[PDB]
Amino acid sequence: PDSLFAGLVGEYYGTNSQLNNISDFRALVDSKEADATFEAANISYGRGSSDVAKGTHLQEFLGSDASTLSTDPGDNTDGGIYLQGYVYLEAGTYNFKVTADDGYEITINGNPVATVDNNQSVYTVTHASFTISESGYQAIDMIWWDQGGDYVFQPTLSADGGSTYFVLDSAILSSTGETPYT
């Protein structure tokens, strides 16, 4: 049975190879078991320095979510996270605005809705709008990585045409698509 919690299922992967793009990180995820798992209940991570994959930097980056880590990974040069689960959204129009170092991809109901397919120092992109056709728990997944140096990841979402944005957190996240009461 899968744990029901108000968050996404988190997996962390580290590597001593260079992560240059989304393909490289997804290949890392498919290559092995997660180096750690966690509950992603407050998806606003970092900012920090001196490589996410070194020392306790992952714990610092994950902050409020670090207390759910399954283990303390050893050192790597490069690393990233894969989050998957569900997000409660009412039918309507939305767009992401993401602050990140390095890149990332977010999908909703299997369709990319926010993509940065390269390394970058901290940058904020306002992404194109997408529609939700039916109110309820939408499938969501995210990948983010750090090739080294600084690291930050804060996807925010707007329901009102970019006037206000919110962090994805325990108010609307579900690990399985059932209603969490945690």
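So that there is no doubt, residue numbering starts at 1 and follows the sequence shown.
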Averaging C-alpha B-factors over each stretch, which comes out higher, 49-57 or 131-139?
-> 131-139
Stretch with the higher entry mean CA B-factor, where the candidates are 68-76 and 105-113 = 105-113
Among 19, 168, 9, 159 - the residue whose C-alpha B-factor is largest in the record | 159
So, residue 33's CA B-factor, relative to its chain, sits in which third? The highest
Quick one: classify residue 86 as lowest, middle or highest third of the chain based on its Cα B-factor.
-> middle
By its CA B factor, does residue 93 count among the lowest, middle or highest third of the modelled residues in the chain?
-> highest
Residue 164: which third of its chain by C-alpha temperature factor?
-> highest
Relative to the other modelled residues in the chain, which third contains the C-alpha temperature factor of residue 118: lowest, middle or highest?
-> highest
